[PDB]
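Novice: Residue numbers (the numbering used here), protein chains in the order written: chain V, 978 to 1289; chain F, 17 to 113; chain D, 7 to 55; chain B, 7 to 176; chain P, 76 to 220; chain Y, 2 to 97.
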Amino acid sequence: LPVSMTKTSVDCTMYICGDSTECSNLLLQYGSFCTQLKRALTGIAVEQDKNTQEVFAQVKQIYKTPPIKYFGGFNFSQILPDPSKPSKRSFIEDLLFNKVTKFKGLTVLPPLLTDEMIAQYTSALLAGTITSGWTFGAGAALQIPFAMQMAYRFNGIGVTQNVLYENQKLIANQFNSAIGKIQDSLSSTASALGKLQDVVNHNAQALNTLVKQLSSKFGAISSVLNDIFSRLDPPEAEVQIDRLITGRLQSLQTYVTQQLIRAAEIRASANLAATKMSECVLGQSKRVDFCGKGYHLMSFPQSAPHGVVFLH
Amino acid sequence: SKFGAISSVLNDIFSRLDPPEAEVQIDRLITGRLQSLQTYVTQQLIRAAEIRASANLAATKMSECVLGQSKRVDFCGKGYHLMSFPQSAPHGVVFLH
Amino acid sequence: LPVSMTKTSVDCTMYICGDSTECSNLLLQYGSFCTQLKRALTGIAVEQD
Amino acid sequence: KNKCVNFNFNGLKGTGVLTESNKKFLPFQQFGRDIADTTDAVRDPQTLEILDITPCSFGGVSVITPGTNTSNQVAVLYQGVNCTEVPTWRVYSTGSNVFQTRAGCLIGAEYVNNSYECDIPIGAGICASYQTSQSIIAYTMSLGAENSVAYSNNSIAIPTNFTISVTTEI
Amino acid sequence: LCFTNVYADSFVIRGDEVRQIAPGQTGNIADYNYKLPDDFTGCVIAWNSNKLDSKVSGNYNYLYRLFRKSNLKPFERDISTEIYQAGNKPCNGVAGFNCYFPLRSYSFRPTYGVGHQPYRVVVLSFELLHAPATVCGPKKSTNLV
Amino acid sequence: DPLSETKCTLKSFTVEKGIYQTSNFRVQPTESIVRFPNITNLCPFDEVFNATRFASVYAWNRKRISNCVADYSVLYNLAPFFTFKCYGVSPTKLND
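Now the structure itself:
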């Protein structure tokens, strides 16, 4: 599920005008046109930081992993971060970061929450899911052993404790081989992360088409603002410059409208992402095709650029 | 805003300019006043779409949390759910969980 | 609950111009504005399926 | 060279700086353009040299301030600009209030090494707040308190004490 | 419409250059004598004076200036009798090497064609709604309702 | 002050708590670089203007004048002429 988008800001001076004194004096007759379009791109960039707060951090309390690891006869080291690296990243999130790939009054706003601190929200909430059980988000965290977690996670779907304790050596052949096919599939093909690659590609095609409106003449003879003032008459140059300012603001009104529609589509996906962190990760659900296909056991979140990767 | 025209008053263009010349300058103002209305149709309907998804979340929590007992985590509030008390609010609703 | 809508497509040349040679030569001064309208109605029609 | 000035080259006008072009160009070429219909390369007709044109006046101005009933001290955020080369306020160019971040540099605020919960965000992990003879401080936003729980093979925690909490959602 | 005051400028232009009173022209009078900016508001009045102001031996009473070093600012009279100096030779008030006398005389005779006809050019300058306005035509007045 | 630059963009005299966008950098240019090609010769305009006999309407004389510096001072600074009609280029800007 994607969470956040690329935050942009558009200058009114550099995109509309070529830094000429005639274009800035005629912009003050137009007034508040690009004042509201600067304000509407500001209100996108506030809500992109609110999408990361409701998804990645459910609780304000940070839990850590003990250094002596034996949990149920399983290998949990692929979802846990590496202490030997200076960056905190797990073995799956090394594969997740690498498969997802100016002036003129455009810019690129940097995000507030860094990707190092998304993985510190990931490794804290994986510390509560593996060790502390389901009670870390509903209150203070209990101490539940891992053999006592899955007996009561079988109890919600109708399975008693006869199945788990006899077959516990046979689950380690099933669970460790199933998570090893996830690591081999994400390293071979980048097409599973292609929903997050479109969020880069919808923002890249929006910026590249917006700078190609400058070469289009918009009904004027010349598209250069310096070539109108140095050639045509001063009654004639008030007509031909104002055809270009009317044409470039219609391309700017096209851009801010299409970002607000994609802000509404990324709001409903992040509210779906904040629901599945609250339901599937922090608890057990009886739902069908929400926490994954079939019965629900548990869910492991992973960090992703412009989104989140769930392991069901 | 003068919209590129000399005067922003429709009575001032009608009292000064030629009837060929007034039909240029009034049509510069109407095209500026259409685009100020087309931002009002654009921005309010997106806020009508954002208030549609919040009221569908508000009608869910009346049907789930108020009218029943939910087992969900961080839907009906933090911790194990018991009951929910709705309260009326201007342009909204206030839940007591 | 409704699911899908009616998928439509709008041509650039046929709606704006009356198939005249003067209108098609003056359509190219606006450039890539009809490229954005064809990608918008395609991206509706992918998501309706 | 290396000054933002006005250009008049063969009737064409522009504003920018002149740097040396290392790209192989045609000998019959008068000028060349960019990605838009905009320039980069001109030819000096008297003595033949082709110079690149990089435009000037880039970057935004952002301010960080508390309310007018609290304090009038304003921290100024430079946006996306390398601050080694550097509004009508020239007093903060003396130095020692500057801290270099990824998003820019922040002048008028003292960087601290502690980690707290802030109010006014900046970006790229660095946040800001107005704390204590009071000024604007800037630091890295905390994740909350640290809880280290020892886990073993056999241990369990059963809560013996209860409370009833009332939360409000709007 | 009612306007505050009016500046009437009465001067005589020969018959070729009388079309040149407009905002944004170029000429002898339209650069170095009388310019109209693009915000100018007013009317231009002309009349045929060739039956009255002409003379058989030529009209030497009215004189005009063809020379100035740069473009003159509008609504400004140039009374300077100083000789235009083209080179580095000083003129010292008289003609000489690279020194031409800037002030010429009109060609006016009734027996010639259209461009030698004197025309009296009176240009009104209207200042509208910048001030209380006492000047318009015979409009009546009614009671307040 | 940047407190006073906050009030000019937001159009309010009470500044609330938060980060606000204000303006952009303006670097004023000082000098001006004008580079024109240097030709000592002048344009042959007084040959084609002041000549005794011209051509006809149905067959005219098209004179190509190139590689020289144009002298507009008989057109611009003086007018002992008849019709001035300019269309694409303003006649004051011909020397530029």
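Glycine included, every Cβ here is placed at the ideal spot set by N, Cα and C.
Starting from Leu1259 of chain V, find everything on chain B with Cβ-Cβ shorter than 8 angstroms and list it in chain order.
Specialist: On the first sequence, position 282 is the one that residue 1259 of chain V refers to. Simply none; closest approach about 16 angstroms.
Novice: Which residues, taken in chain order from the region 109 to 131 of chain B, show a beta carbon closer than 8 angstroms to some beta carbon of chain Y?
Specialist: Correct list: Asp125, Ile126, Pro127, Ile128.
Novice: Interface residues of chain F around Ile176 of chain B at Cβ under 8 angstroms?
Specialist: As a working note, residue 176 of chain B is residue 170 in the fourth sequence. Those are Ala105, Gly108, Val109, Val110, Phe111, listed as they occur along chain F.
Novice: For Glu32 of chain Y and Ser997 of chain V, what's the separation of their Cα atoms in angstroms?
Specialist: Stepping through the sixth sequence from its first residue, residue 32 of chain Y is reached at position 31. Stepping through the first sequence from its first residue, residue 997 of chain V is reached at position 20. Those two C-alpha atoms are separated by around 16 angstroms.
Novice: Here's the rule I'm using: 16 or more other beta-carbon atoms within 10 Å means buried, otherwise exposed. How should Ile66 of chain Y be labelled?
Specialist: Along the sixth sequence, read from residue 1 onward, the residue named residue 66 of chain Y stands at position 65. Exposed: under 16 other Cβ atoms inside 10 Å.
Novice: Mark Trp1111 of chain V as exposed unless 16 or more other C-beta atoms lie within 10 angstroms of its C-beta, in which case mark it buried.
Specialist: Locating residue 1111 of chain V in the first sequence gives position 134, counting from the first residue. Classification of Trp1111 of chain V: buried, given that the 10 Å Cβ count is 16 or more.
Novice: Taking 8 angstroms as the CB-CB cut-off, is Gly37 of chain D touching chain V?
Specialist: Counting from 1 along the third sequence, the entry for residue 37 of chain D is found at position 31. For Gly37 of chain D, the answer is yes, since a Cβ of chain V falls inside 8 angstroms of its Cβ.
Novice: Just verifying my parser: in three-state terms, what is the DSSP assignment at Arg32 of chain F?
Specialist: For this step, residue 32 of chain F is matched to residue 16 along the second sequence. If DSSP states are grouped into helix, strand and coil, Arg32 of chain F belongs with the helices.
Novice: On the three-pair Cβ rule with 8 angstroms, is the region 77 to 90 of chain B touching the region 62 to 69 of chain B?
Specialist: Touching, yes, given that three or more Cβ pairs across the two stretches are closer than 8 angstroms.
Novice: Which first and last residues belong to the beta strand (DSSP E) in which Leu178 of chain P is found?
Specialist: On the fifth sequence, residue 178 of chain P is found 103 positions in, with the first residue counted as 1. From DSSP, the beta strand (DSSP E) with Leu178 of chain P extends over 178 to 180.
Novice: Please report the residue range of the beta strand (DSSP E) in which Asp25 of chain D lies.
Specialist: For the purposes of this step, residue 25 of chain D is taken as the residue at position 19 of the third sequence. Taken as a continuous stretch (DSSP letters only), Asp25 of chain D belongs to no beta strand (DSSP E), as it is neither H nor E.
Novice: In whole angstroms, what separates the C-alpha of residue 11 of chain F from that of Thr1223 of chain V?
Specialist: Chain F is shown only over 17 to 113; residue 11 of chain F falls outside these bounds and no answer can be derived.
Novice: So for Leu1249 of chain V, helix, strand or coil by DSSP?
Specialist: In the first sequence, the residue the question calls residue 1249 of chain V occupies position 272. Here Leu1249 of chain V sits in helix by DSSP.
Novice: Taking the Cβ atom as the reference point for each residue, do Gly117 of chain P and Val189 of chain P lie within a distance shorter than 8 angstroms?
Specialist: As a position in the fifth sequence, residue 117 of chain P is number 42, starting the count at 1. As a position in the fifth sequence, residue 189 of chain P is number 114, starting the count at 1. Going by C-beta atoms, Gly117 of chain P is not nearer than 8 angstroms to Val189 of chain P.
Novice: For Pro38 of chain Y, which of helix, strand or coil comes out of DSSP?
Specialist: Position 37 of the sixth sequence holds residue 38 of chain Y. In this structure, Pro38 of chain Y counts as coil in the three-state DSSP scheme.
Novice: Counting only Cβ-Cβ distances shorter than 7 angstroms, please list the residues of the region 90 to 123 of chain P near chain Y, keeping chain order.
Specialist: So the close ones are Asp91, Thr101, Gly102, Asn103.
Novice: Does the CB of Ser135 of chain B have a neighbour CB from chain F at under 8 angstroms?
Specialist: For this step, residue 135 of chain B is matched to residue 129 along the fourth sequence. No, no contact with chain F.
Novice: Using DSSP with H/G/I as helix, E/B as strand and the rest coil, what is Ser68 of chain B?
Specialist: On the fourth sequence, residue 68 of chain B is found 62 positions in, with the first residue counted as 1. Correct three-state label for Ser68 of chain B: strand.
Novice: When the cut-off is 8 angstroms and only beta carbons count, does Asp1210 of chain V lie next to chain P?
Specialist: Along the first sequence, one-based indexing puts residue 1210 of chain V at 233. Yes, contact with chain P.
Novice: With a threshold of 8 angstroms on Cβ separation, who are the neighbours of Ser1255 of chain V within its own chain once the five nearest residues in sequence on each side are excluded?
Specialist: Counting from one through the first sequence, the residue named residue 1255 of chain V turns up at place 278. Closer than 8 angstroms at the Cβ level, and outside the excluded window around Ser1255 of chain V, lie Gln1035, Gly1114.
Novice: Classify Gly49 of chain D as helix, strand or coil using the three-state DSSP reduction.
Specialist: One-based indexing of the third sequence puts residue 49 of chain D at position 43. Helix, per DSSP.
Novice: By a C-beta neighbour count over all protein chains shown, 10 Å radius and 16 as the cutoff for buried, is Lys214 of chain P buried or exposed?
Specialist: Along the fifth sequence, read from residue 1 onward, the residue named residue 214 of chain P stands at position 139. Burial call: exposed.
Novice: State the start and end residues of the unbroken alpha helix (DSSP H) segment that holds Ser5 of chain Y.
Specialist: Numbered from 1 along the sixth sequence, position 4 holds the residue referred to as residue 5 of chain Y. 3 to 11 is the extent of the alpha helix (DSSP H) around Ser5 of chain Y.
Novice: Check whether the region 1004 to 1021 of chain V and the region 119 to 129 of chain B are in contact - that is, three or more C-beta pairs closer than 8 angstroms.
Specialist: Because the criterion of three Cβ pairs below 8 angstroms is not met, the region 1004 to 1021 of chain V and the region 119 to 129 of chain B do not touch.
Novice: Let me see if you follow: with CB-CB separation under 8 angstroms, is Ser1262 of chain V close to chain Y or not?
Specialist: Position 285 of the first sequence, counting from 1, holds the residue named residue 1262 of chain V. No, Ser1262 of chain V does not count as interfacial toward chain Y.
Novice: So, do the region 1222 to 1240 of chain V and the region 986 to 1002 of chain V have three or more beta carbon pairs nearer to each other than 8 angstroms?
Specialist: Contact holds: three or more Cβ-Cβ distances are below 8 angstroms.
Novice: Using a Cβ cut-off of 8 angstroms (strictly closer), state whether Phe83 of chain Y contacts chain P.
Specialist: Working through the sixth sequence from its first residue, we reach residue 83 of chain Y at position 82. Judged by the 8 angstroms Cβ criterion, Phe83 of chain Y is in contact with chain P.
Novice: When you check each C-beta in the region 25 to 57 of chain B against every C-beta of chain V, which residues fall closer than 8 angstroms?
Specialist: Under the 8 angstroms Cβ criterion, the region 25 to 57 of chain B contributes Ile41, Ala42, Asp43, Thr44.
Novice: Could you tell me which residues DSSP puts in a beta bridge with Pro127 of chain B?
Specialist: Locating residue 127 of chain B in the fourth sequence gives position 121, counting from the first residue. Note: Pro127 of chain B sits in a beta bridge opposite B:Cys133.
Novice: Whole angstroms are fine: how far does the CA of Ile1121 of chain V sit from the CA of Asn1052 of chain V?
Specialist: The sequence position of residue 1052 of chain V within the first sequence is 75, counting from 1. The sequence position of residue 1121 of chain V within the first sequence is 144, counting from 1. Using only the alpha carbons, I get a separation of about 18 angstroms.
Novice: For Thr7 of chain Y, which residues from the same chain have a beta carbon less than 6 angstroms from its beta carbon, with the 5 sequence-adjacent residues on both sides left out?
Specialist: Here the question's residue 7 of chain Y lines up with position 6 in the sixth sequence. Result list for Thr7 of chain Y: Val16, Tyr21, in chain order.
Novice: If you run the structure through DSSP and keep just helix, strand and coil, what is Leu76 of chain P?
Specialist: Translated into positions along the fifth sequence, residue 76 of chain P becomes position 1. Reduced to three states, the DSSP call for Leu76 of chain P is coil.
Novice: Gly22 of chain B and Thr71 of chain B - do their beta-carbons sit closer together than 8 angstroms?
Specialist: The residue given as residue 71 of chain B occupies position 65 in the fourth sequence. The residue given as residue 22 of chain B occupies position 16 in the fourth sequence. No, these two residues do not count as a Cβ contact at 8 angstroms.
Novice: Since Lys1189 of chain V meets chain D, which of its residues come closer than 8 angstroms, beta carbon to beta carbon?
Specialist: Residue numbering aside, residue 1189 of chain V sits at position 212 when the first sequence is read from its first letter. Simply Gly37, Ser38.
Novice: From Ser171 of chain B to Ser1067 of chain V, what does the alpha carbon distance come to, in whole angstroms?
Specialist: Taking the first residue of the fourth sequence as position 1, residue 171 of chain B is located at position 165. Taking the first residue of the first sequence as position 1, residue 1067 of chain V is located at position 90. The alpha-carbon atoms of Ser171 of chain B and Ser1067 of chain V are separated by roughly 37 angstroms.
Novice: Against chain Y, with Cβ distances strictly below 8 angstroms, would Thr1078 of chain V count as a contact?
Specialist: Along the first sequence, read from residue 1 onward, the residue named residue 1078 of chain V stands at position 101. Cβ-Cβ to chain Y under 8 angstroms: no for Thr1078 of chain V.
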